[PDB]
Each structure stands twice: as C-alpha cells, then as structure tokens.
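A single chain comes next, written as structure tokens; it is the form deposited in one PDB entry.
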C-alpha cells in the first residue's frame, strides 16, 4: 500500500511542472547517487550498482501477480509480447509455442526452467506507463521496458550486449549478475544488439553481484551482461531502456544529405563539374597511382565534406528528431490538477437524460497542459504543432498527429511553448486580433493541450 514508489508518485502529483517531475523521478530512481554526478561521470561510461538497503523501494511498479493477471485478462501473445527462453548446456533455446500465452502454458514453461520476458509492460500496466512517461521527459528519448521472470537455479539467456542504455530494477527475489566492459573498441557504445556469446568469448566481469529487491544496476550499450538465479529464490526485474539510436552519428546521418543539398543550391562551387579525367587516377584499380592529382582529388573531397558543416540545417533536424520523439513517446499521465483544469476534466451537466461547457475569454489565464507534449515544426513552408496526447501506449500504433498553426498565431504559440508553467492571459497573447487569441487558445484547449487557471465549468 505505502512504498517509496507510492510516496514519490504522490509527491509528483503536487509538483506543478512536468519538467520538474521528470528530474525528481530520475533523482528518486538512482537515489542517493546524485544525477549531476551520474550524468557527468558515469552515464555512457561505467557500470553502476546502487545498493538500496530497502526491499520495498519499487513496490507497486510490477509483480509476478501482475504478470499472472495480465496473461489471464489481456490478449498476450507469444513472440509478439512474451518470450519463454532457456540457456542450457551453453545454448540459448526459444520455446515459444505459437498463439496466445495463457497462464497454463506460461507457468508450465516456467516450471520447465524457462525464463519469461514481457516485451511491452507499459501497454498493460498503468504504473509502468506512468513511470516511463515521466522519465522519457528527461531523457529526450523514448523510455521502453522489458520484464524478466527467471525460475530458481536457472539462466534464461546467453550473454549479450544491448543497443540501449539499461537500468535494471530488481523487483523480487535475488539474481547473480555479471557485467563486462566492452571487449573491443568497436563494441564500446555499440550501435546494435550483439549476437549470442558463449562463455569462451568473455573475459573477467567488471562487476559481479547478487541484486536484491530495491537495488538498481545501470550499464551502457556495449557492456556484455548475463544473469542467473541461485538456489531457492526466483527473480523478477524490470529493465528500463532508453537512447536507442540517439548518437551524434544518427544526428549527422539526417543532416548531411540536407547539407549537401543546401550547398549545391546556395553555392556554385558545389555545382562545378568534376574533372574530365579523374577516372584515370581514382578508383580501386588506381589505389597505388603515383599521380599527384590523386592526392589533390582526395584532399579536395575531404575539404568539401568539412565545408558542408556551414550548410547543415541543425535546427530543422533538431525539430525532425523532436517530431520523431513526439511520435515515439508514451502519452502523458496527467496530475489531478492537470485533469481538472483541462478539457479532460470538464464536467458535463445532465438533466432528464440530456447534456447542458463554457467558452474561453480574453481574461482566461492559460498555459500548456505539460512541457513535453507538443513541438512546433516548420515543414514545406507550413507550421505544424505535433503532440503526444493521442498517442497509444503501444509503440507507434498511432501515426504522427499534428494540427496546423497559422502564421498569425506563430508568435503566440511560441510564447506558450517557451513560457510553461507560467500563466498567460488569452488577451495578452501576441496574435494579430482578439479573434486569433481566442481561436488559438480554444483550438489548443479543445485538443487537450492547454489548461486554464480556474476550470471553465463546475459540478
């Protein structure tokens, strides 16, 4: 009933700013490790174990009972949602029968030594949803999760490394973990998940420990890990994942094709003809040419690549990544106050089976419903506000969702995005006319994107 997790969620309900709620929840997650230290020295660099000394820390997030219930009450499929795996005599086996994962089947596999992995707990647990939806706001990147249930004296998976930053939350029982430094330069901060390794591919762990409930274990993409239950106790953990494909290189991948295009359009030097005869000295068949033009060609290509930096539309790409992040995000979890001050909590009056709202005025005080639900993006000379409030808890079930923002409302919209959580009077919005102030505010409110200082209707 009353755990540190339930206490901190009650606290978050009272923090008016979504930004401040995200920072606090992250702070709680790694408490008493300071986030400042964590992000400066440890993140993307070191494996980290937080010994919590509190078995109740995470209670309410997820339990085996929740798993059983979801298998029974929801349409959980093998493969798509749940895997059954064993690592036995040095080999990973997958024992997923096809179709629905009923309790009977899942618990038999478990008694046969199979670990069970739930791929999308947030689609089924509202507590995991809330937890992820808040944390994503301070990562700037989708926050996903997997739940792992491993029976006693067993190992579910071959050693591997992931392509995401991982925070292992130990929920029930105990598990012996071994985590390894990237084995080689190319596996440091790996771009994609590893193959299954054998114990012969591995050195000595940088960290080897038995996790107990309440503990946390963080480690970067590229760090090989494996885990096993010792005698008697089963293991249940939740792994929070973020930062899949969120590298400088991913940023450059979107920028360069646009940069080249802009250069070629804006600067005639990029549009000049290649030499007529460069094929006599460039290409595989000429890799040992002594021709001094070869060196001049190589050097010109290098210098032109570097000059491309000037034409890189860094801002438009930050925005595209912002739009993708909106699209990937979980829908928000509203505080009581947010619900009550928005379209979501607007009560309807009923008289003899029929309904009987109240319009916004220039005196209505407003601000964005939350700080991480919307993004203004220029595309093709139009302006669009993309938002998360209609996203599903299933990853990319819904297509990207936006509304057009007209040029005469652009400054008002920017003010609203930039001034959260401060209230602004609709009559103060810097639009051309009074009708524009009202129309913009009403559009945003009716769509679930704005709250008012006092509700617009009452019981």
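Numbering follows the first chain given and starts at 1.
This protein has a second form, the form deposited with a partner chain bound, left out of what is shown; the following refers to that one.
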- prompt: Of 199, 80, 295, 126, which residue is found within 4.5 angstroms of its partner chain in the deposited complex when only non-hydrogen atoms are counted?
  reply: 80
field: Listed residue that, although its partner chain is not shown, lies within 4.5 Å of it in the deposited complex (heavy atoms), from 170, 226, 145, 364
entry: 145
field: residue 119, heavy atom within 4.5 angstroms of its partner chain in the deposited complex
entry: yes
query: Are any of the heavy atoms in residue 130 no more than 4.5 Å from a heavy atom of its partner chain in the deposited complex?
result: no
Its partner chain contact at residue 155 in the deposited complex, heavy atom, 4.5 Å: no
query: Using heavy atoms and a 4.5 Å limit, would one call residue 164 a contact residue for its partner chain in the deposited complex?
result: yes
- prompt: Quick check: do 52, 115 and 209 each get a heavy atom within 4.5 Å of its partner chain in the deposited complex?
  reply: no
